[PDB]
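**Q** This one's experimental. Sequence and coordinates below.
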Amino acid sequence: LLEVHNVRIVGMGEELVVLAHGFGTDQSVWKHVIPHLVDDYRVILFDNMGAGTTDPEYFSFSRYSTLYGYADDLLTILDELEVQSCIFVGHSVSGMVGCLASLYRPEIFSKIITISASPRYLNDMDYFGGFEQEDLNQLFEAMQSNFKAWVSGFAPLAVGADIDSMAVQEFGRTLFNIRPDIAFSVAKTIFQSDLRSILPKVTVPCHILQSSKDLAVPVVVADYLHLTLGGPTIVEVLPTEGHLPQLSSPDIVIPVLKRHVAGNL
């Protein structure tokens with residue numbers, strides 16, 4: 001692989017950092033983040049299997065029916081690159097994917113930084129995830145009925161912000177660049193996942209970064225990861241609207257993100 005996942009390892013810093021994107025985007029979500037990192041860290045970038053940046057023929061529906069499929073790709077990428085230790089920054093679903101990979105290899109990550117991550121989106125007893133099965137089923141209809149129409153409405157809510165901002169239009173193009181039945185498949189995999197029972201077995205220090213107003217992730221989800229994760233944790237609410245803050249509000253987010261990439265607890 002590596003050619004397959006578009007791996008790119010730009011940077012000139014002493015510590016290694018991996019940037020993993022979430023659903024609907026690719027490594028272009030880190031556009032504004034990379035220049036702030038290259039002087040202090042060496043940055044590994046890649047694209048998840050199934051992104052628009054990716055040949056759909058290597059997308060095994062069977063392999064990526066769980067988030068553990070992505071966690072293995074991560075550990076495979078990191079072994080191709082002879083990586084023995086790094087800091088993992090994961091956006092949205094990739095935040096959980098890193099926690100999964102750390103169950104397999106608890107030494108690979110000295111640190112996990114999640115941005116807008118959630119172990120479960122469906123509401124449950126004493127768990128506000130923010131969605132119910134009706135909210136989910138309604139979304140899977142519109143996703144199949146008219147995918148182009150669904151992207152038109154889903155993008156301005158995901159990024160938050162104006163239906164005219166660059167981030168909304170850029171996210172909408174990478175979201176529409178996914179093969180529609182792959183996108184439908186990955187969406188059910190993320191929005192119906194449930195990873196709460198494995199959080200107490202995650203002993204890697206986790207820095208939880210959460211946007212102030214996020215459509216998919218309520219702010220209480222961050223404090224749930226704070227109390228349920230096994231290792232050291234720390235929560236930081238970003239004063240920002242949107243699900244992809246490192247894309248829509250980089251000026252605000254990067255000083256915070258760079259502080260936690262350098263944090264010891």
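**A** Sure thing, it's come through. Numbering: from 1, shown residues only.
**Q** Tell me the spacing between residue 223 and residue 16.
**A** Going from residue 223 to residue 16 by C-beta to C-beta, to the nearest Å gives 29 Å. C-beta: built from backbone N, CA, C; applies to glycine.
**Q** Tell me where this protein has strands.
**A** For the chain, the strands defined by DSSP state E occupy 15-20, 41-45, 86-91, 109-115, 206-213, 233-241.
**Q** ok so, going back, compare neighbour counts for residue 223 and residue 16 and give me the winner.
**A** Set residue 223 next to residue 16 and count neighbours by other C-beta atoms under 10 Å: residue 16 wins out with 20 against 15.
**Q** I'd say that one and residue 44 touch.
**A** Yes - assessed by C-beta atoms under 8 Å, residue 16 is found in contact with residue 44 at 6.7 Å.
**Q** Give me the common contacts of the two.
**A** Residues touching both residue 16 and residue 44 (C-beta atoms under 8 Å, 6 or more residues apart in numbering) are 83, 86.
**Q** give me every residue that touches the closest residue to residue 194 other than its chain neighbours.
**A** Nearest residue to residue 194, sequence neighbours excluded (C-beta to C-beta, 6 or more residues apart in numbering): residue 120, at 4.7 Å. The neighbours of residue 120, taking C-beta under 8 Å, 6+ apart as the test, are 127, 129, 193, 194, 195, 196.
**Q** what does residue 260 give?
**A** Contacts of residue 260 (C-beta under 8 Å, 6+ apart): 113, 207, 209, 234, 236.
**Q** got CSV for those residues, with distance to residue 139 too?
**A** Shown next, in CSV, are the contacts of residue 260 (distance: C-beta to C-beta, whole Å):
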residue, distance to residue 139
113, 28
207, 30
209, 25
234, 32
236, 29
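**Q** what about burial for those, which qualify?
**A** Using 16 or more other C-beta atoms under 10 Å as the burial test, those include 113, 207, 209 as buried.
**Q** Surely residue 50 is in contact with residue 63?
**A** No - Residue 50 lies out of contact with residue 63 (C-beta under 8 Å); the separation is 10.1 Å.
**Q** And these two? Which one has more around it.
**A** Remark: of residue 50 and residue 63, residue 50 carries more neighbours, 23 against 14, as counted by other C-beta under 10 Å.
**Q** Please enumerate the helices of the stretch 51-200 of the chain.
**A** 68-80, 93-104, 133-145, 147-158, 166-176, 180-191 (DSSP state H, counting those that start in this stretch).
**Q** Contacts for the second one next, please.
**A** In this case it means helix 93-104. Residues outside helix 93-104 that contact it (C-beta under 8 Å, 6+ apart) are 20-23, 48, 67-68, 70-72, 74-75, 88, 90, 108-109, 112-119, 190, 193, 195, 198-199, 201-204, 206, 229.
**Q** quick one on the thing from earlier: a markdown table for the strands of the chain, including distance to residue 219?
**A** A markdown table is the format used below for the strands of the chain (distance: least, C-beta to C-beta, whole Å):
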| stretch | distance to residue 219 |
| --- | --- |
| strand 15-20 | 22 |
| strand 41-45 | 28 |
| strand 86-91 | 17 |
| strand 109-115 | 13 |
| strand 206-213 | 6 |
| strand 233-241 | 6 |
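**Q** thinking again about what came up before, I'd like the buried ones among the contacts of residue 260 as JSON lines, with distance to residue 163 appended.
**A** Listed next are those as JSON lines, based on distance: C-beta to C-beta, whole Å:
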{"residue": "113", "distance to residue 163": "30"}
{"residue": "207", "distance to residue 163": "32"}
{"residue": "209", "distance to residue 163": "26"}
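**Q** Pick out whichever of those sits closest to residue 261.
**A** residue 113 (6.4 Å; C-beta to C-beta).
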